[PDB]
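Undergrad: I am sharing protein_18.cif, which consists of mmCIF, C-alpha atoms:
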```cif
data_start
#
loop_
_atom_site.label_atom_id
_atom_site.label_comp_id
_atom_site.auth_asym_id
_atom_site.auth_seq_id
_atom_site.Cartn_x
_atom_site.Cartn_y
_atom_site.Cartn_z
CA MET A 1 46.54 -92.18 -114.96
CA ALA A 2 43.68 -94.67 -114.72
CA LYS A 3 41.45 -94.86 -117.80
CA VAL A 4 38.41 -96.12 -115.84
CA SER A 5 36.95 -94.57 -112.69
CA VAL A 6 33.91 -95.88 -110.82
CA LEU A 7 31.79 -92.84 -110.05
CA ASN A 8 29.00 -94.49 -108.05
CA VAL A 9 27.52 -97.79 -106.96
CA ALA A 10 23.90 -97.84 -105.78
CA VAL A 11 22.68 -100.81 -103.74
CA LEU A 12 19.15 -101.51 -104.93
CA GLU A 13 16.30 -103.32 -103.16
CA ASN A 14 18.12 -103.73 -99.85
CA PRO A 15 17.37 -105.16 -97.31
CA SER A 16 16.10 -108.22 -99.18
CA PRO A 17 15.51 -111.89 -98.36
CA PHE A 18 18.67 -113.97 -98.56
CA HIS A 19 17.57 -115.70 -101.76
CA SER A 20 16.83 -112.43 -103.54
CA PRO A 21 19.39 -111.38 -106.16
CA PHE A 22 22.05 -108.72 -105.78
CA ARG A 23 21.23 -105.64 -107.86
CA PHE A 24 23.85 -102.88 -108.08
CA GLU A 25 23.54 -99.77 -110.23
CA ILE A 26 27.10 -99.10 -111.37
CA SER A 27 28.12 -95.78 -112.93
CA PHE A 28 31.71 -95.42 -114.13
CA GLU A 29 33.67 -93.09 -116.39
CA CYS A 30 36.04 -93.93 -119.24
CA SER A 31 38.67 -91.24 -119.77
CA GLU A 32 40.15 -92.55 -123.02
CA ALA A 33 38.60 -95.42 -124.94
CA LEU A 34 39.44 -99.09 -124.37
CA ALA A 35 39.89 -101.56 -127.22
CA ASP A 36 39.18 -104.69 -125.17
CA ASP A 37 36.63 -105.58 -122.51
CA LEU A 38 36.23 -104.56 -118.92
CA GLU A 39 35.32 -107.52 -116.72
CA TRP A 40 33.00 -106.97 -113.75
CA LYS A 41 32.49 -109.51 -110.97
CA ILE A 42 30.30 -109.84 -107.92
CA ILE A 43 32.29 -111.86 -105.39
CA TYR A 44 30.56 -113.15 -102.26
CA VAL A 45 32.55 -114.05 -99.16
CA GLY A 46 30.83 -117.09 -97.69
CA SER A 47 33.42 -117.65 -94.99
CA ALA A 48 35.69 -114.99 -93.53
CA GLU A 49 38.47 -117.46 -92.70
CA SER A 50 39.15 -118.76 -96.21
CA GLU A 51 38.83 -117.87 -99.89
CA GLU A 52 37.78 -121.47 -100.61
CA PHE A 53 34.16 -120.57 -99.83
CA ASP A 54 34.25 -117.46 -102.00
CA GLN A 55 31.40 -117.70 -104.49
CA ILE A 56 31.50 -115.84 -107.80
CA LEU A 57 27.88 -114.79 -108.20
CA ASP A 58 28.22 -113.45 -111.74
CA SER A 59 30.89 -112.24 -114.16
CA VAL A 60 30.16 -109.95 -117.11
CA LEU A 61 32.30 -108.74 -120.01
CA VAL A 62 31.78 -105.12 -121.07
CA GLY A 63 33.53 -103.90 -124.20
CA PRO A 64 34.73 -102.21 -126.28
CA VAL A 65 34.39 -99.19 -123.97
CA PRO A 66 34.18 -95.70 -125.51
CA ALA A 67 35.11 -92.59 -123.58
CA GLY A 68 32.45 -90.88 -121.48
CA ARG A 69 30.07 -91.97 -118.74
CA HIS A 70 28.36 -95.35 -118.36
CA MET A 71 25.70 -96.81 -116.09
CA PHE A 72 24.43 -100.38 -115.97
CA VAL A 73 22.59 -102.72 -113.61
CA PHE A 74 24.81 -105.58 -112.43
CA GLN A 75 22.58 -108.34 -111.07
CA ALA A 76 23.60 -111.76 -109.79
CA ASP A 77 21.71 -114.62 -108.19
CA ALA A 78 22.02 -115.19 -104.45
CA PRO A 79 24.89 -117.39 -103.23
CA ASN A 80 24.45 -121.15 -102.98
CA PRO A 81 23.82 -121.97 -99.30
CA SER A 82 25.22 -125.48 -99.76
CA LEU A 83 28.64 -123.86 -100.27
CA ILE A 84 28.40 -121.63 -97.17
CA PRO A 85 29.75 -123.06 -93.89
CA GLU A 86 26.93 -123.18 -91.36
CA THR A 87 29.07 -121.43 -88.74
CA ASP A 88 29.56 -118.44 -91.08
CA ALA A 89 25.97 -118.40 -92.34
CA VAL A 90 24.23 -116.26 -89.69
CA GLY A 91 26.20 -113.10 -89.10
CA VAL A 92 28.41 -110.63 -90.92
CA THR A 93 30.33 -111.28 -94.13
CA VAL A 94 31.27 -109.10 -97.10
CA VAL A 95 30.22 -108.85 -100.74
CA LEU A 96 32.52 -107.40 -103.39
CA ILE A 97 32.28 -105.76 -106.80
CA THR A 98 35.37 -106.06 -108.95
CA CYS A 99 36.59 -104.68 -112.25
CA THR A 100 39.40 -106.19 -114.29
CA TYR A 101 41.22 -105.01 -117.41
CA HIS A 102 43.85 -107.16 -119.15
CA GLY A 103 43.60 -109.74 -116.38
CA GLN A 104 44.51 -107.36 -113.54
CA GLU A 105 41.86 -106.09 -111.12
CA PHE A 106 42.11 -102.31 -110.82
CA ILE A 107 39.13 -101.64 -108.52
CA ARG A 108 37.34 -103.46 -105.70
CA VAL A 109 34.24 -102.01 -104.00
CA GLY A 110 33.37 -103.94 -100.85
CA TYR A 111 30.30 -103.91 -98.60
CA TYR A 112 29.56 -105.45 -95.23
CA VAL A 113 26.56 -107.78 -95.37
CA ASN A 114 24.63 -108.92 -92.30
CA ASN A 115 22.48 -112.04 -92.63
CA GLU A 116 19.97 -112.17 -89.80
CA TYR A 117 16.68 -113.67 -88.64
CA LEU A 118 13.77 -111.26 -88.38
CA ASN A 119 11.60 -113.87 -86.66
CA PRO A 120 11.63 -113.31 -82.87
CA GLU A 121 11.29 -117.05 -82.26
CA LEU A 122 14.39 -117.63 -84.40
CA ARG A 123 16.23 -114.72 -82.79
CA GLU A 124 15.52 -116.34 -79.42
CA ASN A 125 16.65 -119.86 -80.40
CA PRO A 126 18.15 -120.05 -83.89
CA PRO A 127 17.91 -123.44 -85.58
CA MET A 128 20.94 -125.70 -85.48
CA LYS A 129 20.75 -125.83 -89.28
CA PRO A 130 20.59 -122.26 -90.64
CA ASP A 131 17.27 -121.43 -92.30
CA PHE A 132 17.96 -119.24 -95.33
CA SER A 133 14.29 -118.70 -96.20
CA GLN A 134 13.85 -116.74 -92.95
CA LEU A 135 17.17 -114.88 -93.32
CA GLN A 136 17.10 -111.21 -94.27
CA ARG A 137 20.23 -109.98 -96.03
CA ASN A 138 21.13 -106.40 -95.10
CA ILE A 139 23.92 -104.83 -97.13
CA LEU A 140 25.55 -101.84 -95.47
CA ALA A 141 25.40 -99.44 -98.41
CA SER A 142 26.26 -96.23 -96.54
CA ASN A 143 29.87 -97.34 -95.94
CA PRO A 144 31.26 -98.74 -99.20
CA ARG A 145 34.97 -99.51 -99.30
CA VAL A 146 36.47 -98.39 -102.61
CA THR A 147 39.96 -99.76 -103.28
CA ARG A 148 41.99 -98.66 -106.30
CA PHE A 149 44.97 -100.67 -107.57
CA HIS A 150 47.87 -99.86 -109.88
CA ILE A 151 47.58 -101.52 -113.27
CA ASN A 152 49.15 -101.51 -116.74
CA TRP A 153 46.68 -99.95 -119.19
CA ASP A 154 48.81 -99.92 -122.32
CA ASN A 155 48.37 -102.92 -124.63
CA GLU B 60 37.63 -114.33 -73.37
CA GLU B 61 36.37 -110.81 -74.06
CA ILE B 62 38.62 -107.93 -73.00
CA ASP B 63 37.04 -104.60 -72.12
CA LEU B 64 39.29 -102.02 -73.74
CA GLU B 65 38.48 -98.82 -71.84
CA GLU B 66 41.71 -98.23 -69.88
CA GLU B 67 41.64 -101.66 -68.24
CA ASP B 90 54.40 -108.69 -68.76
CA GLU B 91 54.93 -110.85 -71.87
CA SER B 92 58.53 -112.01 -72.44
CA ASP B 93 59.91 -112.59 -75.93
CA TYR B 94 59.72 -116.38 -76.12
CA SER B 95 58.04 -119.31 -74.41
CA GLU B 96 58.32 -123.09 -74.58
CA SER B 97 55.75 -125.88 -74.58
CA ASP B 98 55.69 -129.60 -75.48
CA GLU B 99 55.41 -131.64 -78.76
CA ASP B 100 59.21 -132.15 -79.00
CA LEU C 60 55.25 -94.44 -82.02
CA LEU C 61 53.09 -96.96 -80.18
CA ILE C 62 54.93 -100.13 -81.29
CA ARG C 63 57.95 -100.94 -79.15
CA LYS C 64 60.97 -100.75 -81.41
CA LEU C 65 62.95 -103.84 -80.37
CA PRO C 66 60.42 -106.62 -81.16
CA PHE C 67 59.34 -104.82 -84.33
CA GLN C 68 62.89 -104.44 -85.65
CA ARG C 69 63.44 -108.10 -84.75
CA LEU C 70 60.40 -109.19 -86.77
CA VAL C 71 61.29 -106.99 -89.75
CA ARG C 72 64.83 -108.36 -89.85
CA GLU C 73 63.50 -111.92 -89.63
CA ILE C 74 61.17 -111.27 -92.58
CA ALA C 75 64.12 -109.89 -94.53
CA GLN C 76 66.07 -113.03 -93.63
CA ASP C 77 63.30 -115.24 -95.05
CA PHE C 78 63.52 -113.39 -98.38
CA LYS C 79 67.31 -114.02 -98.18
CA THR C 80 67.87 -110.45 -99.37
CA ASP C 81 70.98 -109.82 -97.20
CA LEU C 82 70.57 -106.06 -97.58
CA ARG C 83 70.82 -103.83 -94.53
CA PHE C 84 67.77 -101.70 -93.80
CA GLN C 85 68.12 -97.99 -93.15
CA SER C 86 67.13 -97.16 -89.57
CA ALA C 87 64.76 -94.49 -90.90
CA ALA C 88 63.39 -97.12 -93.29
CA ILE C 89 62.48 -99.49 -90.46
CA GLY C 90 61.02 -96.47 -88.70
CA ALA C 91 58.85 -95.76 -91.74
CA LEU C 92 57.74 -99.40 -91.76
CA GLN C 93 56.78 -99.02 -88.09
CA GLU C 94 54.78 -95.81 -88.63
CA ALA C 95 53.02 -97.31 -91.65
CA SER C 96 52.29 -100.45 -89.63
CA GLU C 97 50.63 -98.32 -86.95
CA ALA C 98 48.50 -96.37 -89.44
CA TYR C 99 47.55 -99.59 -91.25
CA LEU C 100 46.51 -101.44 -88.09
CA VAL C 101 44.51 -98.47 -86.77
CA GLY C 102 42.56 -98.20 -90.03
CA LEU C 103 42.02 -101.96 -89.84
CA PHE C 104 40.53 -101.58 -86.36
CA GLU C 105 38.21 -98.83 -87.60
CA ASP C 106 36.95 -101.24 -90.25
CA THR C 107 36.56 -103.98 -87.62
CA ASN C 108 34.58 -101.63 -85.40
CA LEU C 109 32.23 -100.95 -88.31
CA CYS C 110 32.00 -104.68 -89.10
CA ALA C 111 31.18 -105.62 -85.51
CA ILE C 112 28.57 -102.85 -85.27
CA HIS C 113 26.90 -104.18 -88.41
CA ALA C 114 27.02 -107.68 -86.86
CA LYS C 115 25.09 -106.57 -83.74
CA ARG C 116 28.24 -106.99 -81.66
CA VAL C 117 30.21 -104.77 -79.32
CA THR C 118 33.10 -107.23 -79.15
CA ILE C 119 35.24 -107.45 -82.28
CA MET C 120 36.36 -110.93 -83.32
CA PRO C 121 39.06 -112.33 -85.65
CA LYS C 122 36.27 -112.69 -88.23
CA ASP C 123 35.92 -108.90 -88.24
CA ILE C 124 39.63 -108.52 -88.96
CA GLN C 125 39.47 -111.07 -91.78
CA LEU C 126 36.42 -109.40 -93.35
CA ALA C 127 37.99 -105.95 -93.00
CA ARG C 128 41.02 -107.47 -94.75
CA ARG C 129 39.20 -109.11 -97.68
CA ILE C 130 37.05 -106.01 -98.24
CA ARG C 131 40.35 -104.35 -99.22
CA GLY C 132 41.47 -107.31 -101.33
CA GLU C 133 44.65 -108.26 -99.46
CA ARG C 134 45.89 -111.76 -98.65
CA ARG D 17 64.52 -137.33 -75.45
CA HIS D 18 61.97 -135.01 -73.81
CA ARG D 19 61.88 -131.59 -75.47
CA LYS D 20 59.98 -128.34 -75.05
CA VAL D 21 59.74 -126.39 -78.31
CA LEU D 22 60.59 -122.71 -78.71
CA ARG D 23 57.82 -120.22 -79.55
CA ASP D 24 57.87 -116.49 -80.32
CA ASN D 25 54.85 -114.93 -78.63
CA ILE D 26 55.56 -111.23 -79.26
CA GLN D 27 55.69 -111.53 -83.08
CA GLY D 28 56.66 -107.88 -83.53
CA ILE D 29 53.91 -106.13 -81.53
CA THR D 30 53.11 -106.30 -77.83
CA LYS D 31 49.68 -106.64 -76.20
CA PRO D 32 49.42 -103.06 -74.84
CA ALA D 33 50.39 -101.76 -78.29
CA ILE D 34 47.63 -103.86 -79.88
CA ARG D 35 45.02 -102.67 -77.38
CA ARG D 36 46.11 -99.05 -77.79
CA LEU D 37 45.87 -99.25 -81.59
CA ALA D 38 42.42 -100.82 -81.21
CA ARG D 39 41.31 -97.93 -79.00
CA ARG D 40 42.70 -95.39 -81.46
CA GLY D 41 40.42 -97.11 -83.98
CA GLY D 42 37.37 -96.71 -81.77
CA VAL D 43 37.11 -100.34 -80.63
CA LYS D 44 35.80 -100.51 -77.07
CA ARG D 45 35.93 -104.32 -76.70
CA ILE D 46 37.88 -107.24 -78.16
CA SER D 47 38.28 -110.99 -77.91
CA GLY D 48 41.67 -112.20 -76.70
CA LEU D 49 42.14 -114.01 -80.01
CA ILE D 50 42.46 -110.56 -81.62
CA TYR D 51 46.05 -110.57 -80.36
CA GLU D 52 47.07 -113.62 -82.37
CA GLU D 53 45.05 -112.23 -85.27
CA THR D 54 46.83 -108.87 -85.23
CA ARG D 55 50.29 -110.41 -84.88
CA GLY D 56 49.39 -112.48 -87.91
CA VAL D 57 48.08 -109.77 -90.21
CA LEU D 58 50.87 -107.35 -89.32
CA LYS D 59 53.37 -109.93 -90.56
CA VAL D 60 51.55 -110.23 -93.88
CA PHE D 61 51.61 -106.45 -94.23
CA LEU D 62 55.34 -106.25 -93.61
CA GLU D 63 55.85 -109.38 -95.69
CA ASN D 64 54.20 -107.60 -98.60
CA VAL D 65 55.81 -104.19 -98.23
CA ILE D 66 59.33 -105.49 -97.58
CA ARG D 67 59.10 -107.49 -100.80
CA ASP D 68 57.63 -104.49 -102.62
CA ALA D 69 60.54 -102.42 -101.35
CA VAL D 70 63.38 -104.88 -101.85
CA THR D 71 62.61 -105.61 -105.51
CA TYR D 72 62.65 -101.83 -105.90
CA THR D 73 66.17 -101.68 -104.47
CA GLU D 74 66.80 -104.82 -106.54
CA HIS D 75 65.73 -103.27 -109.85
CA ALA D 76 67.64 -100.02 -109.28
CA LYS D 77 70.87 -101.56 -108.09
CA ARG D 78 71.62 -100.77 -104.44
CA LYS D 79 72.96 -102.55 -101.36
CA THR D 80 70.55 -100.79 -98.96
CA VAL D 81 66.89 -99.82 -98.69
CA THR D 82 66.01 -96.16 -98.16
CA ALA D 83 62.86 -95.00 -96.39
CA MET D 84 61.98 -93.49 -99.77
CA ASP D 85 62.04 -97.02 -101.18
CA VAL D 86 59.45 -98.17 -98.64
CA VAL D 87 57.35 -95.05 -99.26
CA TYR D 88 57.39 -95.91 -102.97
CA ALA D 89 56.52 -99.52 -102.15
CA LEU D 90 53.75 -98.33 -99.83
CA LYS D 91 52.24 -96.33 -102.68
CA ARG D 92 52.61 -99.52 -104.75
CA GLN D 93 49.98 -100.96 -102.40
CA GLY D 94 46.27 -100.35 -102.89
CA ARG D 95 44.47 -97.28 -101.56
CA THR D 96 41.13 -98.02 -99.90
CA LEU D 97 38.70 -95.12 -99.63
CA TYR D 98 35.54 -94.65 -97.59
CA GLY D 99 33.60 -93.23 -100.53
CA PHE D 100 33.48 -92.84 -104.29
CA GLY D 101 35.04 -90.29 -106.63
#
```
Kindly present the structure from the file in structure tokens form.

TA:
Amino acid sequence: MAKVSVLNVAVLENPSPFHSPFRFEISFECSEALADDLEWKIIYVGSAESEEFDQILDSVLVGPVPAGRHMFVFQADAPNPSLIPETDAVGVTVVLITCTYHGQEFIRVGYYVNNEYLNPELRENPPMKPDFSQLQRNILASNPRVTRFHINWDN
Amino acid sequence: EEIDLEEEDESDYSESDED
Amino acid sequence: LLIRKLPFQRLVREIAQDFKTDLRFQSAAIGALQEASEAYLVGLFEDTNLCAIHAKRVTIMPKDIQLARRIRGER
Amino acid sequence: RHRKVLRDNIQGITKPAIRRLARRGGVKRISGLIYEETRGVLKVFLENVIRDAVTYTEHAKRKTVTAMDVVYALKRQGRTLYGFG
């Protein structure tokens, strides 16, 4: 049995400008208590083709974890556009929420993110160099992908 | 290019150059 | 069973030969690998359809497959 | 001294199979590159599961791999769900 279950993730303040932070409201349940920390991450996929352009937006340590229900606001700053390939900048990518216990990730909640110009002039002819100040970031929060992994919980 | 999928012979191996 | 058996069995046996396992596969085992491969790939294509729709695209691209893959945390 | 190099273009799944699986997933249109993408990812999948299975048959000593071994190894993969719980 898994000692931690993620009951809900709420995507807050979306759509938002690209440079706005990610705010997730994470509610999880602890069945039996944990001595050491859970580790939550917000991973951002900056290029679909490679993990090299993965950006870790924030990482938080939560522990010790008593049994019962928890809710907290995980917030991370927007990704660094200098690390995003320009060909992957305007379009779809994914953002991820991750939890880790004893070094092994037991849950990954993904979301499809669409970065887009709202300006009709920029929709017509986008700049050669992507303009992130005019980019709206739309997370698709109605289709989260929740992936559970098998993990050693003992000690 | 794009392939329209709505109901629209490939041997096992092939050979090209580069030696 | 939508995947033709001969090329699939060939590929599976080649993969086994890279791992140098030298252990014969049960015919029903390779069949199970085929069925699971079909289910896997179909679910993948559902995810790619969703990804392309969110990208304002009818045509699905290799990027959609890669994103559908990383959203599940595989290699 | 002039050589043409061998290449496997089926890579375990044919084109009509790929297109059919894409239609069963609701995809109405694809780029041709999808083919070489699918043939790639399929390999990875098998490459994982085979390993997951063989070590199974390696830890419990056997000379052959049962379909039960690959069902076990398949459950040793991750389970992605469309919602929470």

Undergrad: Which distance in Å separates atom CA of residue 91 of chain B and atom CA of residue 21 of chain D, to one decimal?

TA: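 Result for atom CA of residue 91 of chain B versus atom CA of residue 21 of chain D: 17.5 Å, one decimal.
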
Undergrad: Using all atoms listed in the file, what does the table of chain D residues within 10 Å of chain B look like, with each row giving the shortest atom pair and its distance in Å to one decimal, sorted by chain and ascending number, as a Markdown table?

TA:
```
| residue | atom | partner | partner_atom | distance |
| --- | --- | --- | --- | --- |
| D:17 | CA | B:100 | CA | 8.2 |
| D:18 | CA | B:100 | CA | 6.5 |
| D:19 | CA | B:100 | CA | 4.5 |
| D:20 | CA | B:98 | CA | 4.5 |
| D:21 | CA | B:96 | CA | 5.2 |
| D:22 | CA | B:96 | CA | 4.7 |
| D:23 | CA | B:95 | CA | 5.2 |
| D:24 | CA | B:94 | CA | 4.6 |
| D:25 | CA | B:94 | CA | 5.7 |
| D:26 | CA | B:93 | CA | 5.6 |
| D:27 | CA | B:93 | CA | 8.4 |
| D:28 | CA | B:93 | CA | 9.5 |
| D:30 | CA | B:91 | CA | 7.7 |
| D:31 | CA | B:91 | CA | 8.0 |
| D:32 | CA | B:90 | CA | 9.7 |
| D:35 | CA | B:64 | CA | 6.8 |
| D:36 | CA | B:64 | CA | 8.5 |
| D:38 | CA | B:64 | CA | 8.2 |
| D:39 | CA | B:64 | CA | 7.0 |
| D:42 | CA | B:64 | CA | 9.8 |
| D:43 | CA | B:64 | CA | 7.4 |
| D:44 | CA | B:64 | CA | 5.1 |
| D:45 | CA | B:63 | CA | 4.7 |
| D:46 | CA | B:62 | CA | 5.3 |
| D:47 | CA | B:61 | CA | 4.3 |
| D:48 | CA | B:60 | CA | 5.7 |
| D:49 | CA | B:60 | CA | 8.0 |
| D:50 | CA | B:61 | CA | 9.7 |
```

Undergrad: Would you mind listing what lies within 9 Å of segment 75-86 of chain A as number ranges by chain, with only C-alpha atoms counted and same-chain residues fewer than 5 positions away left out?

TA: A: 18-25, 42, 44-47, 53-59, 128-130, 132

Undergrad: Quick check: residues of chain C within 6 Å of chain D, only C-alpha atoms, returned as a list in words.

TA: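 So the residues of chain C near chain D are residues 61, 62, 66, 67, 70, 82, 83, 84, 85, 87, 88, 101, 104, 105, 108, 118, 119, 120 and 121 of chain C.
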
Undergrad: Next, dump the selected residues to file, keeping only C-alpha atoms, as a CSV table (one decimal), keeping the file's coordinate frame.

TA:
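Output saved as part.csv:
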```csv
chain,number,residue,atom,x,y,z
C,61,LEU,CA,53.1,-97.0,-80.2
C,62,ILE,CA,54.9,-100.1,-81.3
C,66,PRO,CA,60.4,-106.6,-81.2
C,67,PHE,CA,59.3,-104.8,-84.3
C,70,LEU,CA,60.4,-109.2,-86.8
C,82,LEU,CA,70.6,-106.1,-97.6
C,83,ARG,CA,70.8,-103.8,-94.5
C,84,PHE,CA,67.8,-101.7,-93.8
C,85,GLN,CA,68.1,-98.0,-93.2
C,87,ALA,CA,64.8,-94.5,-90.9
C,88,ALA,CA,63.4,-97.1,-93.3
C,101,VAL,CA,44.5,-98.5,-86.8
C,104,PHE,CA,40.5,-101.6,-86.4
C,105,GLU,CA,38.2,-98.8,-87.6
C,108,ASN,CA,34.6,-101.6,-85.4
C,118,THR,CA,33.1,-107.2,-79.2
C,119,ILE,CA,35.2,-107.4,-82.3
C,120,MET,CA,36.4,-110.9,-83.3
C,121,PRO,CA,39.1,-112.3,-85.6
```

Undergrad: Atom CA of residue 63 of chain A and atom CA of residue 109 of chain A are how many Å apart?

TA: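 One can read the atom CA of residue 63 of chain A to atom CA of residue 109 of chain A distance as 20.3 Å.
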
Undergrad: Hey, can you check how far atom CA of residue 137 of chain A sits from atom CA of residue 17 of chain A?

TA: 5.6 Å

Undergrad: Step by step, work through what the PyMOL selection byres ((chain A) within 9 of (chain D)) selects in the shown file, and finish by giving those residues as a ChimeraX atom specification.

TA: /A:5-9,108-109,142-150

Undergrad: At most 10 Å is the cut-off: for each residue in chain C with any atom that close to an atom of chain A, write down the nearest atom pair and the distance in Å rounded to one decimal, counting all atoms listed in the file, chain first then increasing number, as a tab-separated table.

TA:
```
residue	atom	partner	partner_atom	distance
C:106	CA	A:145	CA	9.4
C:109	CA	A:112	CA	8.7
C:110	CA	A:112	CA	6.6
C:111	CA	A:92	CA	7.9
C:112	CA	A:92	CA	9.6
C:113	CA	A:114	CA	6.5
C:114	CA	A:92	CA	5.2
C:115	CA	A:91	CA	8.5
C:116	CA	A:91	CA	9.8
C:121	CA	A:49	CA	8.7
C:122	CA	A:48	CA	5.8
C:123	CA	A:48	CA	8.1
C:124	CA	A:48	CA	8.8
C:125	CA	A:48	CA	5.7
C:126	CA	A:48	CA	5.6
C:127	CA	A:94	CA	8.5
C:128	CA	A:48	CA	9.3
C:129	CA	A:94	CA	8.0
C:130	CA	A:110	CA	5.0
C:131	CA	A:147	CA	6.1
C:132	CA	A:108	CA	7.1
C:134	CA	A:51	CA	9.4
```

Undergrad: What do you get, as a ChimeraX atom specification, if you spell out every residue that the PyMOL selection byres ((chain A and resi 33) around 8) selects here?

TA: /A:3,30-32,34-35,64-67

Undergrad: Write a file of the selected residues as a PDB file, keeping the file's coordinate frame, keeping C-alpha atoms.

TA:
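Writing the result to result-v5.pdb gives the following:
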```
ATOM      1  CA  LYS A   3      41.450 -94.860-117.800  1.00  0.00           C
ATOM      2  CA  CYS A  30      36.040 -93.930-119.240  1.00  0.00           C
ATOM      3  CA  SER A  31      38.670 -91.240-119.770  1.00  0.00           C
ATOM      4  CA  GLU A  32      40.150 -92.550-123.020  1.00  0.00           C
ATOM      5  CA  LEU A  34      39.440 -99.090-124.370  1.00  0.00           C
ATOM      6  CA  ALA A  35      39.890-101.560-127.220  1.00  0.00           C
ATOM      7  CA  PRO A  64      34.730-102.210-126.280  1.00  0.00           C
ATOM      8  CA  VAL A  65      34.390 -99.190-123.970  1.00  0.00           C
ATOM      9  CA  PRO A  66      34.180 -95.700-125.510  1.00  0.00           C
ATOM     10  CA  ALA A  67      35.110 -92.590-123.580  1.00  0.00           C
TER      11      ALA A  67
END
```

Undergrad: Any chance you could model N, CA and C atoms for segment 119-135 of chain A and send them as a CSV table (one decimal), in the coordinates of the input?

TA:
```csv
chain,number,residue,atom,x,y,z
A,119,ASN,N,12.6,-113.2,-87.5
A,119,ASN,CA,11.6,-113.9,-86.7
A,119,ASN,C,12.0,-113.9,-85.2
A,120,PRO,N,11.2,-113.3,-84.3
A,120,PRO,CA,11.6,-113.3,-82.9
A,120,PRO,C,11.8,-114.7,-82.3
A,121,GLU,N,11.1,-115.7,-82.7
A,121,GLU,CA,11.3,-117.0,-82.3
A,121,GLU,C,12.7,-117.6,-82.7
A,122,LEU,N,13.1,-117.2,-83.9
A,122,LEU,CA,14.4,-117.6,-84.4
A,122,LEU,C,15.5,-116.8,-83.8
A,123,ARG,N,15.2,-115.5,-83.5
A,123,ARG,CA,16.2,-114.7,-82.8
A,123,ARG,C,16.5,-115.3,-81.4
A,124,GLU,N,15.4,-115.7,-80.7
A,124,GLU,CA,15.5,-116.3,-79.4
A,124,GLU,C,16.4,-117.6,-79.5
A,125,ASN,N,15.9,-118.6,-80.2
A,125,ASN,CA,16.6,-119.9,-80.4
A,125,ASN,C,16.8,-120.1,-81.9
A,126,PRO,N,17.9,-119.7,-82.5
A,126,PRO,CA,18.2,-120.0,-83.9
A,126,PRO,C,18.2,-121.5,-84.1
A,127,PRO,N,17.8,-122.0,-85.3
A,127,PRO,CA,17.9,-123.4,-85.6
A,127,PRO,C,19.4,-123.9,-85.6
A,128,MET,N,19.6,-125.2,-85.3
A,128,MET,CA,20.9,-125.7,-85.5
A,128,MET,C,21.4,-125.6,-86.9
A,129,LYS,N,20.5,-126.0,-87.9
A,129,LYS,CA,20.8,-125.8,-89.3
A,129,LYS,C,20.2,-124.5,-89.7
A,130,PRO,N,21.1,-123.6,-90.3
A,130,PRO,CA,20.6,-122.3,-90.6
A,130,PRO,C,19.4,-122.3,-91.6
A,131,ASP,N,18.4,-121.5,-91.4
A,131,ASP,CA,17.3,-121.4,-92.3
A,131,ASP,C,17.4,-120.2,-93.2
A,132,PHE,N,17.7,-120.4,-94.4
A,132,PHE,CA,18.0,-119.2,-95.3
A,132,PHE,C,16.7,-118.6,-95.9
A,133,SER,N,15.5,-119.3,-95.8
A,133,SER,CA,14.3,-118.7,-96.2
A,133,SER,C,13.8,-117.6,-95.2
A,134,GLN,N,14.2,-117.7,-94.0
A,134,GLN,CA,13.8,-116.7,-93.0
A,134,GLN,C,15.0,-115.7,-92.7
A,135,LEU,N,16.0,-115.8,-93.5
A,135,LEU,CA,17.2,-114.9,-93.3
A,135,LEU,C,17.0,-113.6,-94.2
```
